[PDB]
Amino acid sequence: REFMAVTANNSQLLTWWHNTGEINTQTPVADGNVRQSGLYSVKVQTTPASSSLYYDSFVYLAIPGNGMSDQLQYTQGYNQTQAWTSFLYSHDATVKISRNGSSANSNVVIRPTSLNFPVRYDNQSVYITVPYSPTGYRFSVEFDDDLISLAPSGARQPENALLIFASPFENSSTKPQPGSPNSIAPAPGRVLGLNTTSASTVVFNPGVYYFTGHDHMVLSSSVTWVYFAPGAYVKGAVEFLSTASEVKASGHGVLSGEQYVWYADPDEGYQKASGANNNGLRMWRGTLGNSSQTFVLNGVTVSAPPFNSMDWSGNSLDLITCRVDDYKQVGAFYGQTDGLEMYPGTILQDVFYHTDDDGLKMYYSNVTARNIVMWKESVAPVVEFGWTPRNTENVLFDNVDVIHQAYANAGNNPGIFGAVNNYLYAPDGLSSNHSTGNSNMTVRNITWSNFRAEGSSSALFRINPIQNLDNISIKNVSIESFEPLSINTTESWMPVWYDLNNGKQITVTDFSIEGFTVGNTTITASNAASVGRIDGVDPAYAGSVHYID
């Protein structure tokens, strides 16, 4: 009979397919269709490896502009595309990647490079041995003959990326069990009524769903759980109306914003927002009441966000906290596609971020984020804590691998650790005016450890002390190489700042750097400037920046 995909559904491996897959690299796909990679084929086999059968795993594809040519102006203008595949496993597995029959053999580089997964080449295919881990893995497979140079940094990156998201099975806390109370399971196609349903749980089983570019998933006040099953592909954006103790989004399905134009404004027919009013449609949105709420986000893959990925509405955001795990953001080619907000007390781990703006937004206290892989695009720092002076303390960001960066100029506000200017006076974040800070606020007890920047990188830090800084520690940070000196994105700095109202000088206390390396060179106080390119620390703060060797 004619060939057909064969998927796995057993205790060791789960893969899925879409019969409405559409090969398309220039226009929007049909409402009920799913853009599929025409370049990469992926199959998975549970070890031990043998002549046994390999199971097909659907490879999704995201492209800049989502097929809307008039939206390309809102991207960086690169021709890069991003493909990815997800599967669940509970045992070591071999991932077999195949390109078309006419493609020549080419070695690959897996990022993060610290994974060191066994790789073998045979039968015009690439075999990667992915070990099982309860936290799973999220990595990039980069073919040497697919690398291109991104101007003006010259960064060497895949023209057609392929991401592999291997995740653990779903337990009863992330998957609606049989007999789950008061649930609703919409049929494939246009999804209606969720904004008025009396259901508590919305279940998206395998299939394709869409809300169009002029509506989104507004969930009624009774909905406290939305589930995206592995094999479910939902075109839309989520907004909870519930003010309950917990609102949750889980499952390993996909939530895609590809039908929305950049900066789509829900209050204006979803047309591009007027005057950068900051009302672009978020992929995750909620609204607080007068009581605490926890946002649990687990397993989901978000693709093609039309604006910031997430923000909660409310006068007091101190009552919201997040619990994020095994989550990914892909195909975020548009500008201002920020990573998630990590509200007070948040625990975020095992995440993959493709972002063209603020990545790890350190705006709240008692936050812990670890095991993150980031494909930083061309705008904003990897870590952001500028824009507005704040009282923030007790933060730990650990094990963050920035596998790529492609900045272009100083105006992009480049840097691994950055704090841009005050948004109220410098909307684009860059200004020589450093007298709008707040001497009455302090960011304290911050730890950024085990950060790794692969390939060419921007500056270690570009920090505006818009409020006092105290006890900030950088422990273990490796930069493989620096971007070109000519694009002015690699020199680190920290200018002296002053209080907006009384002119009191903002203070910096105990800012330590340890285990900082550039390529094969260890950075110390002696070569901090000449090799580490740290030459912009204000003389007033120089004595507060310590190199622990």
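For every residue, the number given is its place in the sequence shown, counted from 1.
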{"property": "Greater mean Cα temperature factor according to the PDB record, 120-128 or 276-284", "result": "120-128"}
{"property": "245-253 versus 264-272 - which carries the larger mean C-alpha B factor in the record", "result": "264-272"}
{"property": "Which of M494, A49, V518, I63 ranks first by CA B-factor in the deposited coordinates", "result": "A49"}
{"property": "Top Cα B factor in the deposited entry, candidates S167, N205, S114, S140", "result": "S114"}
{"property": "CA B-factor placement of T346, once the chain's modelled residues are sorted into thirds", "result": "lowest"}
{"property": "Relative C-alpha B-factor of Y425, binned into the chain's lowest, middle or highest third", "result": "highest"}
{"property": "Modelled-residue ranking by C-alpha temperature factor, third containing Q12", "result": "highest"}
{"property": "For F482, the third of its chain into which the C-alpha B factor falls", "result": "middle"}
{"property": "Third of the chain, ranked by Cα B-factor, where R390 sits", "result": "lowest"}
